[PDB]
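Within every chain, numbering begins at 1; the chains are lettered A, B, ... in the order of the sequence lines, protein sequences first and strands thereafter. We count ligands from 1, going down the list as the structure has it; atoms in each ligand are counted the same way.
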Amino acid sequence: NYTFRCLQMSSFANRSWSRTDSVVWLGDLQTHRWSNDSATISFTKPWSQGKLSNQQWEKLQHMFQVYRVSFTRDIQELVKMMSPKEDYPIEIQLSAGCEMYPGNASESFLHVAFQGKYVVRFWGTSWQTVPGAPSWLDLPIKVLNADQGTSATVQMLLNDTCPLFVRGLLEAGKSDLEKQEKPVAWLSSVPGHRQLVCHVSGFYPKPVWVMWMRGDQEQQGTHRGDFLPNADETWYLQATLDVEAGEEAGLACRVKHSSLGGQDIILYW
Amino acid sequence: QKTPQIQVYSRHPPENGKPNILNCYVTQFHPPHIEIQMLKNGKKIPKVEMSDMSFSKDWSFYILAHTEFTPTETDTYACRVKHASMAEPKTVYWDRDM
Ligand SMILES: CCCCCCCC/C=C\CCCCCCCCCCCCCC(=O)N[C@@H](CO[C@@H]1O[C@H](CO)[C@H](O)[C@H](OS(=O)(=O)O)[C@H]1O)[C@H](O)/C=C/CCCCCCCCCCCCC
Ligand SMILES: *[C@@H]1O[C@H](CO)[C@@H](O)[C@H](O)[C@H]1NC(C)=O
Ligand SMILES: *[C@@H]1O[C@H](CO)[C@@H](O)[C@H](O)[C@H]1NC(C)=O
Ligand SMILES: *[C@@H]1O[C@H](CO)[C@@H](O)[C@H](O)[C@H]1NC(C)=O
């Protein structure tokens, strides 16, 4: 039930400067990186080769190495031929991969952003511009669609290569994907009102429950912030409650998480 | 063009005198070209590590910097970000709590 994302980031400053850097994710765990100054893709997990042989992995890498060069050349040529007539700088982002649904068929995707906006996808057997994209973009897409070889390769990669590779990843990365890491929590406040803050860090996987409580009564005015990453791929979340002077006494932060085994953290102000 | 947002927070409960890791999570900026420093008493910390830049489902970029630090009652910590969307570097101070 994981989404596998190959995230490519390409910047074209002028005719003589571009770089392309990619990162690859299974769920919220990073499996690969490929920086512009490396010839080869790096594994960021022990299990990033999945169930592929050294030989199968080399052939797949080779295909991407050819791609990176061709993509760079093709974009610059397309821009040179287009509107508003060679328009550096150019920013392109590409998001490709597959969503696994145990029991059924994976769903694949290849989406492309240009100058920060989603404009193009590969759909079925060809490229298409998406509603509201700049109309001129229809022209390079028509051009791209004349390339039968590339369309056959993209269909292979999305329909076959991606779910086969990912299935292997899921099996080979099982222990990391199912790791439990425990939250640790601490309290602070900023100030007649004050905001109590419960900081919760180091948990994995992502799903958590954090509430300010008074005894068994949930304080529903509790506000949870965004999930913020730790360097070690665990998570951080804060939960705040606005209280009046004097109300703090008898409140606690309570956290539930899969890793705790039903033993909640309860920290009383 | 989009302005970076900056959150600064600790890996473990900040206790004065105890080695910890301070994070600076920078998001929502565009274009991806960015410079990020973490500061102790206004001075660049040379041991800052940078995760790989990535982007979210909604196309916005993000990156995480982090550094070993020992919080104390006399040291301030900050993350300073330079980006074409801002005339000045944006500096956000650790709130000493996060
Ligand atoms: C994808 C899931 C697979 C799982 C693998 C997991 C491991 C991943 C690890 C790292 C991944 C790195 C991130 C990359 C993200 C995936 C990108 C998908 C695109 C791959 C396309 C592969 C095909 C390819 O390289 N095409 C290239 C080579 O074409 C070939 O050229 C040959 C001569 O040079 C021949 O013409 C050949 O024809 S044939 O008859 O001889 O066969 C033909 O197939 C082709 O040049 C590249 C095309 C670019 C496709 C990308 C289009 C981007 C969207 C366009 C928007 C443009 C907007 C701006 C325009 C001004
Ligand atoms: C292209 O752009 C880069 C900015 O990223 C800059 O170093 C340079 O001025 C340009 N390259 C040349 C020398 O034309
Ligand atoms: C990115 O790598 C390509 C392919 O080797 C190289 O030609 C290009 O100069 C690199 N870009 C930068 C900015 O180093
Ligand atoms: C890949 O899947 C699409 C439907 O999602 C289909 O139209 C296309 O024919 C498929 N290609 C191959 C080679 O299986």
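Set against the non-hydrogen atoms of A:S16, the atoms of ligand 2 under 4.0 Å away are 11 (N), 12 (C), 14 (O). Which parts of ligand 2 touch A:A13 is read off a 4.0 Å heavy-atom cut-off, strictly below it: atoms 2 (O), 5 (O). Of all atoms in ligand 2, numbered sequentially from 1 with element shown, those under 4.0 Å from a heavy atom of A:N14 are 1 (C), 2 (O), 3 (C), 8 (C), 10 (C), 11 (N).
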Only distances under 3.5 Å count here; give the side-chain donor-acceptor pairs of residues 261-269 of chain A to other protein atoms, sequence neighbours excluded, each with its distance to 0.1 Å.
unit_1: A:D264; atom_1: OD2; unit_2: A:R254; atom_2: NH1; d: 2.7
unit_1: A:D264; atom_1: OD2; unit_2: A:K256; atom_2: NZ; d: 2.8

For residues 82-92 of chain A, which side-chain donor-acceptor pairs fall under 3.5 Å, sequence neighbours excluded?
unit_1: A:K85; atom_1: NZ; unit_2: A:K80; atom_2: O; d: 3.2
unit_1: A:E86; atom_1: OE1; unit_2: A:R15; atom_2: NH2; d: 3.4
unit_1: A:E91; atom_1: OE1; unit_2: A:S11; atom_2: OG; d: 2.8

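A:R33 has no carboxylate O lying under 4.0 Å from a charged side-chain N of A:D21, or vice versa, which leaves the two without a salt bridge. A salt bridge links A:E248 with A:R194; the closest basic N to acidic carboxylate O contact falls under 4.0 Å.
Take A:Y2 and apply the ring pair (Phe, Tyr, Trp, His ring centres under 6.0 Å) test, not counting sequence neighbours, and it matches no residue.
No cation-pi contact links B:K2 to B:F29, judged by a cut-off of 6.0 Å to the six-membered ring centre and 45° from its axis.
For a threshold of 3.5 Å applied to N or O pairs, the pair formed by A:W17 and ligand 3 contains no separation below that value. Below 3.5 Å of separation, one finds an N or O of A:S18 facing an N or O of ligand 3.
With values rounded to the nearest 0.5 angstrom, B:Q37 atom CD is found 9.0 Å from B:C79 atom SG.
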For a distance cut-off of 3.5 Å, show me each N or O of ligand 4 paired with any protein N or O, plus the separation.
unit_1: ligand 4; atom_1: 2 (O); unit_2: A:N159; atom_2: OD1; d: 3.2
unit_1: ligand 4; atom_1: 2 (O); unit_2: A:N159; atom_2: ND2; d: 2.3
unit_1: ligand 4; atom_1: 11 (N); unit_2: A:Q155; atom_2: OE1; d: 2.8
unit_1: ligand 4; atom_1: 11 (N); unit_2: A:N159; atom_2: ND2; d: 2.9
unit_1: ligand 4; atom_1: 14 (O); unit_2: A:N159; atom_2: ND2; d: 3.0

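Between the B:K90 side chain and the B:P4 main chain, a donor and an acceptor come within less than 3.5 Å of each other.
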